[PDB]
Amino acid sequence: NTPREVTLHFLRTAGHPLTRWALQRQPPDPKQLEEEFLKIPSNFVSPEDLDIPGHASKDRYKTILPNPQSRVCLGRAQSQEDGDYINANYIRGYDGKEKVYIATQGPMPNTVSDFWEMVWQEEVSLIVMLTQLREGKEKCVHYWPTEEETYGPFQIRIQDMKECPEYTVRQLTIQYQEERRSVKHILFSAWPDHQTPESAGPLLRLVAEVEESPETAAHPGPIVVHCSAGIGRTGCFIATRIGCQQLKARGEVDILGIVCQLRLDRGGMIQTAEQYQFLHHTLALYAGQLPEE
């Protein structure tokens, strides 16, 4: 097989299911986990494998691109510019269920309208933003209003806002033509780029906040998850969620298989061996919190 077919075969067949007991009480050691993580192909696409004229101006990083087979394609809601391109992919969820998430980069000022078009067209009711709030200049623009802003054809209004530990919940309305929809926005502020949170507790409370969020669209749509490049922290968050789901439903988790499936959907999901190790930590904590009960 080609390098491409070797990559795809690994991502479709690799696996290391651990019982809850193994995860909690006799986990793979850190050296083993690092070696395991480093074996997983990135599945990045190269600029040459994309034939989408004009996409480069919509990418935050030229080497981090949406795999074409799962990319989110925009409709024709904007008249300011042509193109169906956004740096975002559909991500399968538990048991390979289609379009449970969309993983996307942090919007830049020129892709904010694109972002909200995606949210509208995909019937999104929940956005999960992962960042580290620091003081000073911001890498990524605030694409949501303090009160009310218009972005292309979309009017966004803050309905209510509340603070929890390590995350802010915003309740938004998005208006397109004569239509309004509610969107919940969660901004998790304690995840530095290329690193992990200090503790897994807040991350598990974020996952709980996600689980408890109602669907508010006419049809179920993907949960949007984003962070600056849309691969490291998005990959960690989604893997955590799916991992918790496996542990709750089955009393076991295949973390390797979860991460392989994410990589089939978007190249580079989960960036570092430390993040992969922290994922095992986070799921072990979750296992200890499961009801007795």
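Numbers for residues come from their place in the sequence shown, where the first is 1.
Relative to its counterpart among 126-134 and 159-167, 159-167 has the higher mean temperature factor, C-alpha atoms as listed in the PDB entry. With 236-244 and 220-228 compared on mean CA B-factor from the PDB entry, the stretch scoring higher is 220-228. Among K184, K97, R71, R180, the highest C-alpha B-factor in the deposited entry belongs to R180.
Set against one another, the Cα B-factors of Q78, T111, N89, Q105 in the record reach their highest point at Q78. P53: CA B factor lies in the middle third for its chain, per the PDB record. Sort the chain's modelled residues by C-alpha temperature factor and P197 lands in the highest third, per the entry. Per the PDB record, residue ranking by Cα B-factor puts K39 in the middle third of the chain.
Annotation for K31: CA B-factor lies in the highest third of the chain's modelled residues. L204 sits in the lowest third of its chain by CA B factor, as recorded in the PDB entry.
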